[PDB]
Amino acid sequence: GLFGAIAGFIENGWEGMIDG
């Protein structure tokens with residue numbers, strides 16, 4: 001489910017939430 005798409009983001013754009 002969604003959690004898997006968050007795991008997607010964690011490997012695919014995560015850096016934008018590493019920032020700040």
# chains A, B, ... in the order shown; residues from 1 in each chain; ligands from 1

$ select_by_dssp --residues "chain A" --states "alpha helix (DSSP H)" --output "list in words"
residues 2, 3, 4, 5, 6, 7, 8, 9, 10, 11, 15, 16, 17 and 18 of chain A

$ atom_distance --atom1 "CA of residue 20 (chain A)" --atom2 "CA of residue 5 (chain A)"
21.9 Å

$ decode --residues "chain A" --atoms "C-alpha atoms" --output "PDB file, in the first residue's frame"
ATOM      1  CA  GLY A   1       0.000   0.000   0.000  1.00  0.00           C
ATOM      2  CA  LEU A   2       0.924   3.714   0.420  1.00  0.00           C
ATOM      3  CA  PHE A   3       3.815   2.891   2.767  1.00  0.00           C
ATOM      4  CA  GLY A   4       5.473   1.198  -0.228  1.00  0.00           C
ATOM      5  CA  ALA A   5       5.103   4.453  -2.226  1.00  0.00           C
ATOM      6  CA  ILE A   6       6.691   6.358   0.685  1.00  0.00           C
ATOM      7  CA  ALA A   7       9.497   3.726   0.428  1.00  0.00           C
ATOM      8  CA  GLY A   8       9.497   4.675  -3.275  1.00  0.00           C
ATOM      9  CA  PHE A   9      10.056   8.367  -2.285  1.00  0.00           C
ATOM     10  CA  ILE A  10      12.729   7.321   0.285  1.00  0.00           C
ATOM     11  CA  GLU A  11      14.680   6.013  -2.799  1.00  0.00           C
ATOM     12  CA  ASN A  12      13.317   8.617  -5.329  1.00  0.00           C
ATOM     13  CA  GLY A  13      13.361  12.251  -4.126  1.00  0.00           C
ATOM     14  CA  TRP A  14      14.060  11.724  -0.360  1.00  0.00           C
ATOM     15  CA  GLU A  15      16.834  14.346  -0.563  1.00  0.00           C
ATOM     16  CA  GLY A  16      14.199  17.161  -0.713  1.00  0.00           C
ATOM     17  CA  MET A  17      13.175  16.063   2.842  1.00  0.00           C
ATOM     18  CA  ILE A  18      16.845  15.529   3.891  1.00  0.00           C
ATOM     19  CA  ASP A  19      17.164  19.300   3.203  1.00  0.00           C
ATOM     20  CA  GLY A  20      15.722  21.883   5.679  1.00  0.00           C
TER      21      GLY A  20
END
